[PDB]
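# When you get a sec, could you give me coordinates for this:
(11 chains)
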Amino acid sequence: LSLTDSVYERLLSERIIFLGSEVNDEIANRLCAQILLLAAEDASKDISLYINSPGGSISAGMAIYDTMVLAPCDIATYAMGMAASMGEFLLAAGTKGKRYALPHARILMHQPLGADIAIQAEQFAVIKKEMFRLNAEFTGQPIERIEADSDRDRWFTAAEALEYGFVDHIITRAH
Amino acid sequence: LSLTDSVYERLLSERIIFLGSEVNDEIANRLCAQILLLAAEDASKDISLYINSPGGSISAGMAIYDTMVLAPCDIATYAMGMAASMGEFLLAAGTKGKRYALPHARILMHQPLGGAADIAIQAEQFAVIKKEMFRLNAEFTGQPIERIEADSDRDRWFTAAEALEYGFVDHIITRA
Amino acid sequence: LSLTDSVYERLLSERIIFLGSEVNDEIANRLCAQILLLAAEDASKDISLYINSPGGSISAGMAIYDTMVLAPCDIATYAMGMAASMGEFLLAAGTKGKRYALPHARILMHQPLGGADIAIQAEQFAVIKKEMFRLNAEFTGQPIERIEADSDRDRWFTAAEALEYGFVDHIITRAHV
Amino acid sequence: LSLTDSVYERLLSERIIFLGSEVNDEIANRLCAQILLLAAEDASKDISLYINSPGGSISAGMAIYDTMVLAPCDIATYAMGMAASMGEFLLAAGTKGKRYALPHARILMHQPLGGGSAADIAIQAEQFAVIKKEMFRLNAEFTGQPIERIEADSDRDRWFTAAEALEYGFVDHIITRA
Amino acid sequence: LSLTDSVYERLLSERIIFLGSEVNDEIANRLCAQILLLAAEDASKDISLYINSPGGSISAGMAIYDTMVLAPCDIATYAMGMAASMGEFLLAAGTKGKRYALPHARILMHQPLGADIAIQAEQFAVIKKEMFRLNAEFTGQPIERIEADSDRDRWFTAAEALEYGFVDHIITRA
Amino acid sequence: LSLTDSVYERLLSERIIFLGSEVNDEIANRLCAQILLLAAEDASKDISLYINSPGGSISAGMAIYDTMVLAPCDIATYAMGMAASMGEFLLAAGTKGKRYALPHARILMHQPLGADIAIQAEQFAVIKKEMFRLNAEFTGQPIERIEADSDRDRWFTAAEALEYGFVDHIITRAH
Amino acid sequence: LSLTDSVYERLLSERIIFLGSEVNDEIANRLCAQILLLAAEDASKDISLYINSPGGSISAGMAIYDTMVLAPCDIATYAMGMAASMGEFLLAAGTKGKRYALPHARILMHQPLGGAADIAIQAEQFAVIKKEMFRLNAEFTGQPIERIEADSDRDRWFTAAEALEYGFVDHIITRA
Amino acid sequence: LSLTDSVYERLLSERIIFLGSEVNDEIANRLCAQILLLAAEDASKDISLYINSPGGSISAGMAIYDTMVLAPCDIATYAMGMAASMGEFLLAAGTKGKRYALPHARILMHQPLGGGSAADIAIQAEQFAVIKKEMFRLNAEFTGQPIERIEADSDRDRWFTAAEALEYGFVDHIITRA
Amino acid sequence: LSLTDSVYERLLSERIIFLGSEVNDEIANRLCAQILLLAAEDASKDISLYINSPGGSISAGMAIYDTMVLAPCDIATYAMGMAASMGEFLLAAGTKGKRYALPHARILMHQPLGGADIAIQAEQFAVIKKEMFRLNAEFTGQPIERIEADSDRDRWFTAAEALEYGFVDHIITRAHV
Amino acid sequence: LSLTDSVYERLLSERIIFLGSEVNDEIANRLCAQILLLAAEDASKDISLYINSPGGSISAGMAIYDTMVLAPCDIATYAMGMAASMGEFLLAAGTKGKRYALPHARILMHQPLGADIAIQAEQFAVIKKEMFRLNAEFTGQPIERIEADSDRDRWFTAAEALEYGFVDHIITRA
Amino acid sequence: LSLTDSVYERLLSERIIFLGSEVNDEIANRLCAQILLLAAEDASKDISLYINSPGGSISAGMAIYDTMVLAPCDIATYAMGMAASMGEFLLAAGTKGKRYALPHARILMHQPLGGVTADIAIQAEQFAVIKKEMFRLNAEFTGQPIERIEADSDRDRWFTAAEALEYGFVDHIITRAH
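Numbers count the residues shown, from 1 in each chain, chains lettered A, B, ... in the order given. The structure is reproduced below:
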């Protein structure tokens, strides 16, 4: 094991997980695995997910999301550096009241563009619509607004994000 | 040891196994090994197999399946992200009543194309195991063999709900 | 240590060995090492060898076989996925009564091509080849003529057909606790 | 595990962390991870951050900083070899009174120009402008200098000796002996 | 862990650290880390630094030096094989009375050649001058002589080094 | 220049072109370039296209096809070893009466599966339908039959291909 | 010299140029060089530019465009396979009346995202050239600036016929 | 251009082509290209094909053969070093009366087992079966041997000396001197 | 020979030279070589230098410049895409009256960071830097203070703005036969 | 084209070919190609083969030999540096009276060690025996002596080679 | 051949050679080859050597020089960009009266350290000899005392075009178009 993996492992022991890279099937599987592991170890204690990701595939993020909801314990989400696309989604998907943003974090909305191609298109259409739905639900905004803002790649500061409904807190001082 | 391998091992200690990549001989051997290991450690406790695989070779999947059936303990299967081809097969091959799907999981059917031996022999074997795959798939889902082939042919895919209806899984777990 | 190697080691602790790749000198050395180790640790307890191999070199497989026979403990063999060429040989070489096949396992017979001075190599191959046929016949209880004949035409077997032919003694669907 | 990583881990057990390379997302994530870990292990005990870095991206350094402010415990900063750009920022961002400089340390100011993610150049420019202004503001706050002087000095890449740094307001002490 | 790192770690447990390669930012950080660790573990017990290095960047060696002085415990230095440029500097920077040289060690003096280039030049000039000053302080020689000998890359045997003022002892046996 | 390129160049001088690899944008561009070159050099003399390709992307093959039709001179097509997917299409797209098949050539029909994904799907749908149309036109078979046979990956011998309508001749002897 | 380069050179001798890859500084420089070369060789004879490009950088394309306009001779453009982003721009930038499209060519509109200098400056420049691109695109097609931006925004694409109608090209050449 | 390619090209000018490696699609395409070229240049003059190949895929060799039959000119074949599998086939496929063997050439029969394109194994098996049968047929036609003997000898990898090959019917002459 | 190199050579025959990449010692050597070659071939005929470069090292650009001035023939410069840093310098260094800019060309001013003994390198850079500012001022007809000031803030120009500032003498949309 | 290939081609124009590396299928094909080319160009003019090779596979050398005999023109062989195994064979296989050796050339004899292995063994046995036979024919020595000397890897100087029968002349000057 | 090699070759036809990289055995051999070639082609016509080199090995540069002196024709040297160490040496080694410097050229003196590559003692010996020879010849070229050459070489003294002309490295500063 390397130092980085060691720190992440010791953090895992403290029920702290990181999403600091692009969201894909591999990272998703690992993240899902960690959530399942922590859920198995103790289902009563919260899990803290710190996010600094440019986002990625919808399917991967949705797998992560399902695994999050599957976990009985609360999952606190932290916008650490950047939450874009699915990073933003997973951030907002955090347990209500335990979604935090760091003062200079940046939340980006973005409409991802994503076997038989027709089948892939079908699946993508379905899961995309669902993401917009859930995003609207998380933020409490209209779906029309989610889609509209996603289209024009609207981005938010910590404050703007707090206002919009992505997070519940801004950690300006001594968490 | 890496972080990834460490969590997977710690999960293995919790009798949780993952199929998060394409199915081949290597992954099959590893998966079979894990199943045998857990079966050896404790034959009374369930095994949880989480599936997020695009599928792969029939022979590999069948080896996994045999090892699953071989294990005395029940094997609960979870459609986590995507269960395609053999991912779908292994999902449906789980102990009945303990086959789960997550809300946004996707189940894809597909008839594989297969592909140091004579080509004729390989063709023969593939034909056999393919026919057998369809049979077992029909058995798992409770659908007619004709419908399995028909849907497999046109690469039919299912949502979590549609999959539950078709007979791939027994439950859709929103929360645990 | 890797996840895979960890599982194999943890399995080794359960006296379970794997042959999931082509048979060569390296795999042979490794398998033989494992057999000797388990035999050294405890010579009274069985060893379980699970086979999913396309086969390989005769000399390598024969080395494994010799090491198997050398081991005092019984060696139970399981046709897990595929047992081709030396995979089939090592499968059939298991302790009689403890050779198992899983329902969808496939046993393939095949006459290897083999391949120092070429004349010497040829001599050795002829010898070891003949000996393989002999032992294969002995394992299965078939005539040597039938072994060679079937080997020539790359005859393959299902679990049932293999059980009948004499490669294995059981077809196990499920294991008891 | 390597010797280096072993020393860093054993140091981590002593609540001592290092920033000895250029600041980027990976180093930031790792550093933030370490701070969160130490904060989780014990929120009452100080953390010592030793800095010998040429600096780097603003966003990364700000992420480290945000994580520093997040940590309940005090964070003591040490200018070990060189604190340039964000190295200087994170140095000055240390808990007031526990910001140290080694006798021959060098503090360099510098305005990064940023610049390559999967996004529109206009958006990147906007974000950079905001965080840049925020850096200047906080730097001014840390040093107690006017924002104009921070910008002015950053433009001309002003650098400081340990003494000059102490005077300017980057650090509170110059630790010759311990 | 490898054998080498294992031996070095086991040595670290014995409060023995090595400088057996060129001095750069990486080696500096690692060495400084080790010193801080040992200082943290026990501030009363000495640290033994064995040196066999061709030297390197001044800034790095200075970082090491600052960390050395920062450590409360005494730091004994050993010229094991070769102490050149900053190897010599760190050697002479050892706790007075605890600077040792092995019988066939060789001490080399050398003037290293070393953002905007002007700034880098400024800094280098400063640290260079400071390096000469401290070297003079360590050896007890005039600054003029340090520069003079540094210019012509003067080298010393163990005896010549002992005489010059780099080390305090020549230890044939422990 | 290498020997292979030299032979192909000397063949180009004889107005002979080869398609012996997968059809993609690069190969398409090169092939199109060669057709345009030969068309420029002499618009009255035929061009001979020898095909031994596993096929490839529809868009590429359609570009090749357009460039073929664009060329004023007749383009004779030869099924040399294997004409699959677009190899088959380009074979059948040859000038009527000058489409040849070698005795042991093999013609495979196959339905390819193939920016914003929806857009890609749209484009693919259009060009796919068009391919079926043109294929039906070339072979003189119903579109229903083209689609049906394409679906089940029907393959043809030289004789079966001659019967089906892919080619006009089988070169059994001394062309 | 390779076969590919040889045919392209022999084509160059026939005053035929290709844009068959993504547009960047390198390809731009090469293309500009070829245009200047042909213009130098003969300023009275047309140049034929065949386009099969997914597009690319605006700056690169604009450099090509300036070099096109700089050339005294007419430049006929052919949409061979695909003209996206700057491919579409350069297609429409051809001499009016000599802009051709092949029957199954596809024209895609798209507003690029752009991306050793200050980011603010790069943003400024990009804004300028982008606005200019839209202007010239409107000029080429004869469409309103608003419609160009609007369609560019939603990644509108055209068939050969639709492209002819919109104003990208003047003819659809089935046969020559 | 390399020396080797230069010699091969200068040889091509003399209507002499080589098959000195295993037979695959690339070598086949290249060889077919050469035959078509020589046929285009002059359809009245013979082509000399010198063979020293271990053989290879049936489809490739058959493609070469089809291209040979397509060529109007006679194709003289020379067993230079070794003609195995399809090397033997292409050797025997030469124009009758102009099939030569060098004194120490070796002709090996062998039934390839084929086997990895983007297609279904069943289809590949079908195609292979057909072309295999076709090979045996044509081989029998070339040598004037019964199909059963061709299959029988192929099974047991029968090999021939120059004399034995001449007798069997692979070649028409053994060229000691020229 | 490649297609690209062939076109550049064929262009070289037309006395047309390209600067389409960053300015460094290699590109400098190559450009200087080309200039000397064309000057050697014919010293009476103009040389046309087309520029699309992000700039680079001062010393390299100065070497090119010296070689330009060395050439007896006039050197016509064209801002084709971008002329930044030394690209701008070499653009403005063209023969007066023969410095052209294409309509959408962009000229960027920029003060390089430069980067043997460091003190010596610093000295040399200071000298050559000052000299660059001087020559840039001379080319454009602007005050040195204005050049330094604008260089500091990375001022950039459109074709029109550049024509006004004094970098070029013409804005050419189209060329006559 | 490179300088080396250019010189070899220009030599080819002078009907001079080289064997300066180990003998294998590739070198064999190339050499055979060159011989056929020269034979095609002019069947009346000699071909000069200069040999400096450590030898190699028998089958390859035999292919070369067959092609040599096939060529109607005489083939003069030159032992330039070293003729070992099949280098020696091809040397001795030269046209009688036109087999030359340079004063410090060395001729080495050697028994090479060389689908189904049995078949390969059969073929090797055949070609090996044939190689000994032809070698005996070339040198005019008994087959028993060829095998005997081949077994113990006997080597010859230019003189010893001339005496043994490998070459017909030792050319100090042309 | 590439464009760069083509222009250099075309330049070679104009009797113009380049030294635009560090001096080593390979570059030395190539330059020596070029000089010998030009000398062979025409021994009456001058050769123009343009220098933009950071210098390098003494032995290599000395080989170039020996080859320069060997050439009957005059060799004009041009300090194009940088003439350091042996670049400076070869520059000053040009034919007297035909040594030119470009207006912004820079000539750097430097005492090489040589170093290891047989017995170290021999290598040291050889280096000592040739080093002394360099200083001697440099003094001869510039017309300066050897003591001053060594003294200035020691402290890495550098010159502008004017300073170089004054010192004696070159005979002219070519601003205009000769």
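# from here on, contacts and neighbour counts on C-alpha atoms
Fine.
# Without its sequence neighbours, what residue ends up closest to residue A:7?
residue D:34 (6.4 Å; Cα to Cα, 6 or more residues apart in numbering or on different chains).
# Burial check on the one you found, number of neighbours?
The number of residues packed near residue D:34 is 24, by other Cα atoms under 10 Å in any protein chain shown.
# And the host helix or strand of residue A:79, how far out from the chain middle?
Applying DSSP states H and E as the criterion places residue A:79 in strand A:75-84. Remark: strand A:75-84 is offset 7 Å from the chain centroid, using Cα atoms, centre = their mean, to the nearest Å.
# Tell me the strands beside it, with direction?
Strand A:75-84 has the following sheet partners, assigned by DSSP bridges: strand A:47-53 (parallel), strand A:99-101 (parallel), strand A:106-108 (parallel).
# Just name whatever secondary elements whatever helix or strand comes next after that strand is in contact with.
As assigned by DSSP H and E, the chain's next helix or strand after strand A:75-84 is helix A:86-92. Here helix A:86-92 touches strand A:47-53, helix A:58-70, strand A:75-84, helix A:117-139, going by 3 or more Cα pairs under 8 Å, 6 or more residues apart in numbering or on different chains; DSSP states H and E.
# which outside residues touch the second one?
Residues outside helix A:58-70 that contact it (Cα atoms under 8 Å, 6 or more residues apart in numbering or on different chains): A:23-25, A:28-29, A:31-32, A:35-36, A:75, A:86, A:89-90, A:93, A:112, A:114, A:127-128, A:131, B:80-81, B:102-105, B:173-176.
# What distance do you get for the residue nearest the centre of chain A to chain K?
Nearest to the mean C-alpha position of chain A, counting by Cα atoms, centre = their mean, stands residue A:90 at 1.6 Å. Residue A:90 is 54 Å from chain K, where distance means Cα to the nearest Cα, to the nearest Å.
# got a list of what that residue touches?
So residue A:90 contacts A:61, A:64-65, A:77 (Cα under 8 Å, 6+ apart).
# Residue A:82 contacts residue A:103, correct?
No: with contact defined as Cα atoms under 8 Å, residue A:82 does not count as touching residue A:103 (11.3 Å).
# and residue A:34, what element?
helix A:25-41.
# list the contacts for the residue in chain A that chain I sits nearest to?
Across chain A, the shortest distance to chain I (Cα to the nearest Cα) belongs to residue A:104, at 27.1 Å. With contacts taken as Cα under 8 Å, 6+ apart, residue A:104 has the following neighbours: A:81, A:157-158, D:62-63, D:66, D:131.
# Ok, residue A:85 next?
A:54-56, A:108-112.
# rerun at 10 Å
A:23, A:53-58, A:61, A:107-112, A:150, A:153 (Cα atoms under 10 Å, 6 or more residues apart in numbering or on different chains).
# Pull the residues that contact stretch A:146-154.
Contacts with stretch A:146-154, where a contact means Cα under 10 Å, 6+ apart, come from A:84-85, A:107-112, A:129, A:131-137, A:139-140, A:142-145, A:155, D:119-120, D:123, G:153-154.
# Mind doing that once more with 6 Å?
A:109-111 (Cα atoms under 6 Å, 6 or more residues apart in numbering or on different chains).
# Please convert the residues you listed to a markdown table, extending it with secondary structure.
Shown next, in a markdown table, are the contacts of stretch A:146-154 (DSSP: H, G, I helix; E, B strand; the rest coil):
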| residue | secondary structure |
| --- | --- |
| A:109 | coil |
| A:110 | coil |
| A:111 | coil |
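# in chain A, what residue is nearest chain E?
Closest point on chain A to chain E, by Cα to the nearest Cα, is residue A:1, at 9.5 Å.
# ok, that residue - contacts?
B:1-2, D:1.
# which residues does residue A:99 bridge with?
residue A:77.
# Might you report the residue contacts of it?
Residue A:99 sits next to A:76-77, A:167-168 when contact means Cα under 6 Å, 6+ apart.
# helix, strand or coil for the residue of chain A found nearest chain J?
Per Cα to the nearest Cα, residue A:115 is where chain A lies closest to chain J, at 39.8 Å. Following three-state DSSP, the label given to residue A:115 is coil.
# ok, it to chain G distance?
As judged by Cα to the nearest Cα, residue A:115 and chain G stand 24 Å apart.
# Please apply the same query to residue A:142.
Taking Cα to the nearest Cα, one finds residue A:142 at 21 Å from chain G.
# what's the answer for residue A:50, then?
28 Å.
# Just to check, that residue is in contact with residue A:78?
Yes: under the criterion of Cα atoms under 6 Å, residue A:50 makes contact with residue A:78 at 4.6 Å.
# just checking, residue A:49 touches residue A:79?
No: at 8.9 Å, residue A:49 does not count as touching residue A:79 under the criterion of Cα under 6 Å.
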